[PDB]
């Protein structure tokens, strides 16, 4: 509706009903309820300790955690910013593979970027810590020709 | 040089739809995703039909004659197939989502539940020549105001009961003249009506609602009209009725609920015959046998198909398919059984002959990446993404040992020594091959040398050398056994994804990212062959691709390859819609297969991942019987076999060779010539005919005189024929004469006869040994009783 | 009771099972098995000797099966 | 009849 | 299979044990036919399983022993298969191996 | 009626009601609202407070929301008015 | 172990009644531990998966997956174990 | 497609189907107009022929794909005027018993023998998964420790 | 400023658009609501069910104003005239019923 006048505002308030990180906010929140409740379960229990280790190892195995972590840290290390930096286009940028995130999204959609043996056309794909070493352009990318053409190392035999 | 055709789907039994019993009651028809599978309960056998729908199957039905099978997908597109000959008859599009299809008991007509419309059509005549426009609609009926849940036929093909979500059960007359007889709509239910049925006399109509209420309808004077004389209520605490069926002859009511349980009742007394719980997942479908003694049940969530004999409280069929896609498969050395592994982390053991899950293992926490057998075959090994490698004894079916690394290394590939004493696994994160000892369970040593992740591993069967492949653009040959250890690296053009080892152990082929199958000599470590795969591979544009398939580079490589046991062929598979069978010595494509034809599979043709299923093959191995190969894919285990042998491939045929002449030689008692001439024609019926008609006395004479060229072929024929044949003593006598007469020749050339010998030992080990085991036990069970003194 | 306990221990060893089996055979051959059943403590010692006895049966039979190599030898001479 | 239609008691008291 | 097991179990066990004798005679004739051997072998196994104690207690009874003895004379001839099966392993394992 | 007559290439060449008794169900509901909303005479006798109680050997009126005779729905057929709310 | 400091809703009959007729609540935790991890396992997996990941899923019960129905348990024990 | 038959067209206005294994003509047709071409479908269910007259292509439905065909040689004289059963149908059925002395198993699945022998354990494993107003309580739980010191201290009910 | 929704679940949702909050949540006890309609005069909801009873509903009160069955069969639709004097329904048993609110 139009901007409400002062007397209109005072009589009626909160009548203004009728980049999103909602999912990552839910991902962060879900991690919280684990460690909160995993604390509730008794410490000497063997089932809690293994389950805590599987979580710490796995968010580590993601790279949400740059280093190995204790549960006490996990209630604060995890952030929406941690999930986004694992996004392939954000990985694309830090590597200097693409100048801008939007440019990285375009290349991902056009199919010029391979991660290990598999090609990804989904920009929202996030990369894990064992896997970022192998992100690169597809062998027959026209982009990969301009790479080696300037440096004058374009080898036709590799078709790149 | 053999024609492989799709035979059956393993690792998978049921997805959705309505299960239908064969009219004889000895077979069960289950729709399996994009295809339909038939299970022979009496004979304990199974097959999957070759024809494929455009989309997943929605409803099926088999006529009482057993000749016409109709299947309809979710788009309304119907496929009529001759059940006996397993050939498609006609393709029709009803242009509407058909909820249910059911043949008339007379068989002339079949009814379709279409939204709030009931369509009645005329069944084509199978005896007639293939007609172009055989479907003629008898009538179309619509009084409902909402979707029809189901329909039921009268036993006399004159009235139909239809239940809809309008909280009404309603009846029609198939004959226009008989409309005044049955033009009633039955009401009273509080929720959706699930099933309306006739009594055997058809005097009574039973209607069942989703709430769990069964109403008994009878014509009575208050002048005469239908009224609810009796009311029954299912007092389920929260479970809702999901599927209902009724058998008029025996008055059995089988109701499947959403809570995952069912109840059997005897109407009109409402006596609870039995109640069992099917699980926590809804019981989607239910069917009754023609006799009424077997009950088939189905839940869609976990792919569940069960058959129950309520008479004896026994289970005829009880089998689960993998919840996820199968990531790897492994045959037993003899080929009698195959083991499958899924992304869930559960391993399953399957019997090739029966095609049913013998056992399941739940010990692995995460996805099981690889599965392999030892040479001996008693033991099985598997690697998983939980960080463990587990060894399994398949006689007692126990995990007798578990292996793991110091720091919980993630394993993706596994290899086992022929002696069954060393197990080696590879990882994507460690770049190292962990080596263990089977007997003791400790880490013998770590084989270092790769600068990239180890993609595949394999032990040479004979020489016992290990060949390892990695994304480091090279392949390494390890002579771990011996006083001194040597490693021979052979660099490769691009990233290697799969590796296959020659049964001779002299050669190794590898599939690389460039789409090349390069074959290297293990001893000389030099290239001997290379095949192009880029063009042959078929990849379909995914719906979200903003770049064309031809320009796409997503998957033109093969992530899995295996050799044929003869050694002249490679079957290759990858994240694509194609399986390609190549010939190693001469480097061509023998034949290519389309793995799937469902559009719902992506490859057939900002905080949310757009993420849908894709068509793919994870692993592909040859059967050791040398007659089939299995491909692990998302839908399940596709086994392609050469069993039909309709093709004509004569060997060394001449004008004088003729089936009549072969019979004439038999009549003249020239058994040796008849057998040779039959094998030259390569006709199984003629090869069979000569085989029994020779007397037992003449077997050693003929066997000693067989030419060497025909020796491998006769041994193969005996092994495959003897596995299912009843003439155990007759077939064995051939194996005696052939081994006794030509045994030395077999030893000189072991590999030429390797498959034929193996088929023989399977026959004598898996059936012949079992027979004598009972025979001796009875002989010994006999002796103790007679000699021992009776009790006072 | 004393004798069979010795036979159970002897049965476990493949180098001494032969003596045990013949002694047990004479017991079954020269006694009322009904009386053998009712004696307390028999069954539990009796339970232990099938699995070793069956193992010896899986062996020996393999020793038995292999012996037709000799029958392969003679038929090779006859040629 | 409906339009859709086709076309001793042993005593339980016993002595012991 | 379910019908066969109820069938053999139901077989009466009171003297003179005629039906037990009759069942032995039926199987004895069946073996002579040399057909359905694995089936004919297994019903006898179930017969001992369900009625081994009944038979053992009355071994000295002439009728059981006589029908029992004839089944031995038949079964004893079907021992060639054990020798037949035994050879092929000895050579098959050897031929493929050495 | 109750069957579509569709003329297209593939064809076109050439009712009663039954149910339960609703009126009794509603006619049953009408007492229950009436009985609940009517005044109730609760027996407040304490058995044995002043007499022997055992094997060998006071009514209070409670006001309802509306009397049965003062209900608006009375004389209205097929009508139920819940005066309580 | 902790002593309740508030009224026991159960009377002495009820206390002694319960006596006549490792911990369920502790296992109720362990049960309700599991699914969210199964939920947490799925969500980041589909985020982190190149490839399709499906979502994880009185009356007597039919156990449909059997880990052989013909094998006997006694036959699965070694002569050393017995 | 299976390589078992030839169908040939000739200027005499006839189509002949020839069975290679026996090397004889099994079926004969007389076409009003000469068929210039004959081609089998990849599946073999259809046969396509073109003729000297007519702008279209005639398609023929292979009945052999739906049922067996007798391989008896066609009569030459009858065809001109118009202008062992198992062998004839290319099949064989195994004998019930080759010889009486020779041992033969039952005509059925081989898992039947395994089922009968162990049928007892089949049933056991297939079995589905599973106050008074004056209690009678005494001893330590009730605090009557004296009775315990002095020595003073249901299967049938289930049975 | 309230959005009312009737569904087969039978739970009657009362949502106010301006406040962006669900005012009240109520179960009819008459099963799924076949017909839904509003009377402009009193802003009272009218619901239709299989039994044929028509339940008059309001956000404020816990259980309905009025329960009336006019048609023996399910009421497919409910119509209220603009004045609110007259209320019309058609039963699934071909019955049509004209009523006064």
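Using ideal geometry, Cβ is built from the backbone for each residue, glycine included, and neighbour counts are taken over all protein chains shown. We did not get these values from a lab; they are worked out from the coordinates using the rules stated.
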- prompt: For residue B:784, are the conditions met, namely being assigned to a helix (DSSP H, G or I), farther than 27 Å from residue B:461 by Cα and away from chain C (no Cβ under 14 Å)?
  reply: no
- request: Taking residue B:614 as the residue in question, decide whether it is under 15 Å from the mean Cα position of the chain (by Cα), on the phi < 0 side of the Ramachandran plot and part of a loop (DSSP other than H, G, I, E, B).
  value: no
message: Only one of H:59, H:74 is farther than 26 Å from residue B:723 by Cα, in contact with a strand residue (DSSP E or B) (Cβ under 8 Å, 6 or more places away or on another chain) and part of a loop (DSSP other than H, G, I, E, B). Can you tell me which?
response: H:74
- prompt: Does the stretch B:664-672 contain at least one residue that is within 11 Å of chain H (Cβ to nearest Cβ) and either over 32 Å from the mean Cα position of the chain (by Cα) or outside any helix (DSSP H, G or I) (or both)?
  reply: no
statement: When every residue in the stretch B:207-222 that is under 21 Å from residue B:166 (Cα atoms) and outside any loop (DSSP other than H, G, I, E, B) is compared, the one farthest from the other protein chains (Cβ to nearest Cβ) is B:208
message: I'd like to check something: does the stretch H:64-71 contain any residue that is facing another protein chain (nearest Cβ under 7 Å), part of a loop (DSSP other than H, G, I, E, B), in contact with a helix residue (DSSP H, G or I) (Cβ under 6 Å, 6 or more places away or on another chain) and surrounded by 15 or more Cβ atoms within 10 Å (Cβ to Cβ)?
response: no
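To keep it simple, each residue is scored yes or no on (1) out of contact with any helix residue (DSSP H, G or I) (no Cβ under 6 Å at 6 or more places or on another chain); (2) more than 28 Å from residue B:324 (Cβ to Cβ); (3) away from every other protein chain (no Cβ under 14 Å).
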position: B:16; (1), (2), (3): yes, no, yes
position: B:19; (1), (2), (3): yes, no, yes
position: B:25; (1), (2), (3): yes, yes, yes
position: B:30; (1), (2), (3): yes, no, yes
position: B:33; (1), (2), (3): yes, no, no
position: B:36; (1), (2), (3): yes, no, yes
position: B:44; (1), (2), (3): no, no, no
position: B:49; (1), (2), (3): yes, no, yes
position: B:53; (1), (2), (3): yes, no, yes
- request: Go through the stretch I:74-95 and count every residue that is within 17 Å of residue B:143 (Cβ to Cβ) and more than 7 Å from chain F (Cβ to nearest Cβ).
  value: 7
- request: Looking for whichever is within 14 Å of chain C (Cβ to nearest Cβ), in a helix (DSSP H, G or I) and crowded, with 20+ Cβ neighbours inside 10 Å here; the options are B:760, B:764. Which one fits?
  value: B:764
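Here's the yes/no breakdown for (1) within 14 Å of chain F (Cβ to nearest Cβ); (2) buried (at least 22 other Cβ atoms within 10 Å of the Cβ):
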position	(1), (2)
B:142	yes, no
B:165	no, no
B:190	yes, no
B:205	yes, yes
B:224	yes, no
field: strands (runs of 3 or more DSSP E) within chain F that include 3 or more residues within 30 Å of residue B:142 (Cα to Cα)
entry: F:16-18
- line: Of (1) more than 8 Å from chain B (Cβ to nearest Cβ); (2) farther than 30 Å from residue B:308 by Cα, residue H:125 satisfies every one except (2)
query: Just for the stretch E:33-58: of the residues that are in a helix (DSSP H, G or I) and over 16 Å from residue B:778 (Cβ atoms), which one is nearest to the other protein chains (Cβ to nearest Cβ)?
result: E:57
- line: Every listed condition ((1) within 11 Å of chain H (Cβ to nearest Cβ); (2) within 30 Å of residue B:567 (Cα to Cα); (3) more than 36 Å from the chain's Cα centre (by Cα)) holds for residue B:744 save (1)
- request: Go through the residues of the stretch G:58-77 one by one and say whether even a single one is within 14 Å of chain C (Cβ to nearest Cβ), part of a loop (DSSP other than H, G, I, E, B) and farther than 30 Å from residue B:305 by Cα.
  value: yes
task: With the condition kept exactly as written, say whether any residue in the stretch H:83-99 is facing another protein chain (nearest Cβ under 7 Å) and at positive phi.
output: yes
Residues satisfying the stated conditions in the stretch A:31-51, i.e. within 30 Å of residue A:85 (Cα to Cα) and within 14 Å of chain B (Cβ to nearest Cβ): A:50, A:51
- prompt: What number of residues within the stretch I:13-51 satisfy the criterion of being in a strand (DSSP E or B) and either touching a helix residue (DSSP H, G or I) at 6+ places or on another chain (Cβ under 7 Å) or within 14 Å of chain A (Cβ to nearest Cβ) (or both)?
  reply: 5
query: Say we look at the stretch B:292-318 and pick out the residues that are out of contact with any strand residue (DSSP E or B) (no Cβ under 7 Å at 6 or more places or on another chain) and more than 10 Å from chain H (Cβ to nearest Cβ); which of these is nearest to residue G:54 (Cα to Cα)?
result: B:301
- prompt: Going by the conditions given, is residue B:578 closer than 25 Å to residue B:343 by Cα and in contact with a helix residue (DSSP H, G or I) (Cβ under 9 Å, 6 or more places away or on another chain)?
  reply: no
query: Restricting attention to the stretch B:144-163, which residues are within 13 Å of chain F (Cβ to nearest Cβ) and farther than 15 Å from residue F:18 by Cα?
result: B:145, B:160
query: What number of residues within the stretch H:48-59 are under 16 Å from residue H:7 (Cα atoms) and away from chain B (no Cβ under 11 Å)?
result: 5
- line: Within the stretch B:267-282, restricting to residues that are more than 11 Å from chain G (Cβ to nearest Cβ) and part of a strand (DSSP E or B), the one that is surrounded by the fewest Cβ atoms within 10 Å (Cβ to Cβ) is B:271
- prompt: If you take just the helices (runs of 4 or more DSSP H) that sit entirely in the stretch A:1-109, which of them hold at least 1 residues that are closer than 23 Å to residue B:385 by Cβ?
  reply: A:22-40, A:46-62, A:71-77, A:80-85, A:88-94
- prompt: Of all residues in the stretch B:533-552 being more than 13 Å from chain A (Cβ to nearest Cβ) and surrounded by 11 or more Cβ atoms within 10 Å (Cβ to Cβ), which is nearest to residue B:598 (Cα to Cα)?
  reply: B:540
- prompt: If you check residue G:50 against the conditions, is it out of contact with any strand residue (DSSP E or B) (no Cβ under 7 Å at 6 or more places or on another chain), surrounded by 14 or more Cβ atoms within 10 Å (Cβ to Cβ) and within 11 Å of chain B (Cβ to nearest Cβ)?
  reply: no
message: So the check is Cβ under 8 Å with 6+ separation or different chains; which pairs have a first residue in the stretch H:129-140 that's facing another protein chain (nearest Cβ under 7 Å) and a second one that's part of a loop (DSSP other than H, G, I, E, B)?
response: H:129/G:60; H:129/G:62; H:129/G:63; H:130/G:60; H:131/G:21
- prompt: within 12 Å of another protein chain (Cβ to nearest Cβ), within 27 Å of residue B:589 (Cβ to Cβ) and under 36 Å from the mean Cα position of the chain (by Cα) - does that describe any residue in the stretch B:473-492?
  reply: no
